[PDB]
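Asks:
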Ligand SMILES: [Mg+2]
Ligand SMILES: [Mg+2]
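Protein chains in written order, with this note's numbering: chain P, 16 to 340; chain B, 16 to 340.
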């Protein structure tokens, strides 16, 4: 396949796009919806089919003023773990900022009792909050399998470290519970990670050529949004921060001449040829945003192929232009 | 062209779909967005292109509690009148129901000072409310030109007539002011117009074969939602209700075996061949709505060709199935 085989932007008005190619021959898609009020799934046999795929709501936010999970439903990811579907997402009990001017999200998990994850809301049950030793702002969780274990990777505020959030990892006791104390892998520190907000968020994991590559997003969700990357040997101690190497420069960023601003909160999938790696990310096409960029709904989902360098590292290149007619 | 050339649903999660093919060949699209908080426009060179067309916000709702136009921005239509762009839309000052359990919408108009209607929000000016002699619930306004005059057609509640709204016509003094007293063209009365809720709304006008054909939607918005049609000779007194003929049966209804439930609030356009008439409407693929139905976002935009009967009347057929892969 080639980039031009896909009509971009693939999915309008969907941020934090997550695509999972399942064994049933379907691509499953989850993302943040503009009103941040529910979790819906789309499915199609092809990536282009997702642009017209009728969604199904499988979980709705709790009522206003009812406590946990009642506001700002962010970045759900659908995972298939030991034959069961799980969705990891973040939510807050309020839209109010705390005394540090931050969002009040925590991490949640829902589990499906059916082989079809899109049949009905009644098939999904809440496990509640995925707790961490320190109860602070946490979001954008993802999971990956390595060394016959399940790892959980997420973004969280540490009061002792400057900025909004750092990336952590921990091994899981089960799909909704941590077994180990969190380990910090990266914090915002370079100029490209600290524009408007000091942020490391949106982790995603790729496994290839004897290594795990963990991409993440940094800076605010406007034009400054960019992707960084950590690398680790697949057999190392994943819970030792010295096992991981951090890229000093972004691995993916704005392509300003073609009006692709702030690419980020990515995921990875495979094309319909079963071989080409695909980068899935959101991106904006203008910068004259009014108000908070999180409430402008025009982060659009993009998909494009990526390749591999001779040293076995990924080469993401740059955002491709829109090509709809 | 043929129905299979279009990937349906054309535009997911857009209700009250309005497509206008401009003299430069662009297809412009306006609709109610699921959060009902703004007016955005998409443009593409093809109807399928609209599925991936990056929207632009051209007008946003007024702040909460500030009065007119502050809530529930519904059903915008983009019209090109005497070389200027106008958008007719409905809005409320509140989300609360009136003492009769009804929505509190009134009709509004904005005008653009630029040839490009998607350049900037600063290009649009508010004309305010389009006032009617009785100040009651009103929405879904459309306009058409006939006999060198401009006619305004809309839906409005009459306290003396059972149901949520009837269809009215009036001649306009200018694009934001009525010249004549409203004339009622149809009220909900047939069995197929009064299922669960008594309503006539979403008017649309088609001109062909010496007649104007005014379609509208009736009944509740589940599988009972259906389209009616009025017919009048193109040279008749359009303000005399006795010039108009009401179809005693619906002209378009649910296609129950393929789960196309409740087609309505239509508009009309022309295909890329410049010849084939296209019906544009919203429709659901399920009716088992959970939570507040106002915020279930899955009314999807459908497009399909229609044809003409021997007597010069349109034949809409029935909803086509989804055909995305
Ligand atoms: Mg994620
Ligand atoms: Mg309309």
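Where a beta carbon is used, it is the ideal one built from N, C-alpha and C, also for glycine.
At the level of alpha carbons, what is the spacing between residue 135/P and residue 233/P?
Replies: Looking at the two C-alpha atoms, the distance is approximately 35 Å.
Asks: Measuring from the CB of residue 217/B, is there a heavy atom of ligand 2 at a distance below 7 Å?
Replies: Flag set: Cβ of residue 217/B near ligand 2.
Asks: For residue 64/B, would you say it is in contact with chain P, using Cβ-to-Cβ distances shorter than 8 Å as the test?
Replies: Answer yes: the Cβ-Cβ gap between residue 64/B and chain P drops below 8 Å somewhere.
Asks: Quick one: which chain B residues come within Cβ less than 8 Å of residue 25/P?
Replies: Within 8 Å Cβ-Cβ: 67.
Asks: Using beta carbons (cut-off 8 Å, strictly below), is residue 273/P in contact with chain B?
Replies: No, no contact with chain B.
Asks: Is residue 321/B closer than 8 Å to residue 308/B when the C-beta atoms are compared?
Replies: Not a contact, by the Cβ cut-off of 8 Å.
Asks: Report the option in 333/B, 29/B, 116/B, 336/B whose CA atom is closest to the CA atom of residue 89/B.
Replies: Closest option to residue 89/B, Cα to Cα, is 29/B.
Asks: Please name the residue, chosen from 224/B, 253/B, 231/B, 251/B, that lies closest to residue 325/B on a Cα-to-Cα basis.
Replies: Comparing Cα-Cα distances from residue 325/B to each of 224/B, 253/B, 231/B, 251/B, the minimum goes to 224/B.
Asks: What do you reckon, is the C-beta of residue 18/B under 7 Å from a heavy atom of ligand 1?
Replies: False, no ligand heavy atom lies under 7 Å from that Cβ.
Asks: According to DSSP, what are the bridge partners of residue 215/B?
Replies: Bridge partners of residue 215/B: 233/B.
Asks: Under 8 Å between the Cβ atoms of residue 316/P and residue 32/P?
Replies: Against a cut-off of 8 Å, the Cβ pair of residue 32/P and residue 316/P comes out as a contact.
Asks: With the cut-off set at 8 Å, would you say residue 216/B and residue 170/B are in Cβ contact?
Replies: Yes.
Asks: Taking Cβ-Cβ distances shorter than 8 Å, what residues in chain P pair up with residue 310/B?
Replies: Going along chain P in sequence order, the residues near residue 310/B (Cβ under 8 Å) are 50, 52.
Asks: Residues in the same chain with beta-carbon distance under 6 Å from residue 222/B, minus the five sequence neighbours each way, listed in chain order, please.
Replies: Here the set comprises nothing.
Asks: Since residue 278/B meets chain P, which of its residues come closer than 9 Å, beta carbon to beta carbon?
Replies: In chain order: nothing, as chain P lies at least about 15 Å away.
Asks: From residue 195/P to residue 74/P, what does the alpha carbon distance come to, in whole angstroms?
Replies: When rounded, the distance between both Cα atoms is 29 Å.
Asks: Name, please, each residue of chain B whose Cβ falls closer than 7 Å to the Cβ of residue 60/P.
Replies: Per Cβ cutoff of 7 Å: 340.
Asks: Using three-state DSSP, classify residue 258/B as helix, strand or coil.
Replies: If DSSP states are grouped into helix, strand and coil, residue 258/B belongs with the helices.
Asks: Which value, in whole angstroms, describes the spacing of the CA atoms of residue 262/P and residue 54/B?
Replies: C-alpha separation (whole angstroms): 42 Å.
Asks: How about residue 63/B and residue 70/P: are their beta carbons less than 8 Å apart?
Replies: In this structure, residue 70/P does not lie closer than 8 Å to residue 63/B by Cβ.
Asks: In chain B, which residues lie with their C-beta within 7 Å of the C-beta of residue 313/P?
Replies: What residue 313/P touches in chain B: 69, 70.
Asks: Looking at the unbroken beta strand (DSSP E) that takes in residue 47/B, where does it start and where does it end?
Replies: Element bounds for residue 47/B: 42-47.
Asks: Cβ of residue 249/P within 7 Å of any heavy atom in ligand 2?
Replies: Every heavy atom of ligand 2 is 7 Å or more from the Cβ of residue 249/P, so no.
Asks: Please name the residue in 293/B, 144/B, 164/B whose C-alpha comes closest to that of residue 331/B.
Replies: With distances taken between Cα atoms, residue 331/B lies closest to 293/B.
Asks: Going by Cα to Cα distance, which pick from 241/B, 257/B, 36/B, 79/B is closest to residue 199/B?
Replies: When only C-alpha atoms are compared, the closest one is 257/B.
Asks: Let me check one thing: in DSSP terms, what residues is residue 248/B bridge-paired to?
Replies: Paired residues: 226/B.
Asks: Measuring only from the beta carbon, is residue 92/B closer than 7 Å to any heavy atom that is part of ligand 2?
Replies: Answer for residue 92/B: yes, Cβ within range of ligand 2.
Asks: Along the stretch 99-116 of chain P, where does the CB come closer than 9 Å to a CB of chain B? Name the residues.
Replies: Within the stretch 99-116 of chain P, no residue qualifies.
Asks: With a threshold of 8 Å between beta-carbons, can residue 300/B be considered close to chain P, or not?
Replies: So, interface residue.
Asks: Say yes only if the C-beta of residue 282/P is nearer than 7 Å to one or more non-hydrogen atoms of ligand 1, and no if none qualify.
Replies: Yes.
Asks: Quick one: does the C-beta of residue 155/B sit closer than 7 Å to a heavy atom of ligand 2?
Replies: It does: the Cβ of residue 155/B is within 7 Å (strictly closer) of some heavy atom of ligand 2.
Asks: Helix, strand or coil for residue 149/P, going by three-state DSSP, please let me know.
Replies: In this structure, residue 149/P counts as coil in the three-state DSSP scheme.
Asks: Report yes if the C-beta of residue 237/P is less than 7 Å from at least one heavy atom of ligand 2; otherwise report no.
Replies: No, the Cβ of residue 237/P stays beyond 7 Å of every heavy atom of ligand 2.
Asks: Contact criterion: CB-CB distance below 8 Å. Does residue 136/P meet it with respect to chain B?
Replies: By this cut-off, residue 136/P is an interface position.
Asks: Per the DSSP calculation, residue 297/P is bridged to which residue(s)?
Replies: Note: residue 297/P sits in a beta bridge opposite 279/P, 316/P.
Asks: Rounded to whole angstroms, what is the Cα-Cα separation between residue 310/B and residue 163/P?
Replies: Answer to the nearest angstrom: the Cα atoms are 43 Å apart.
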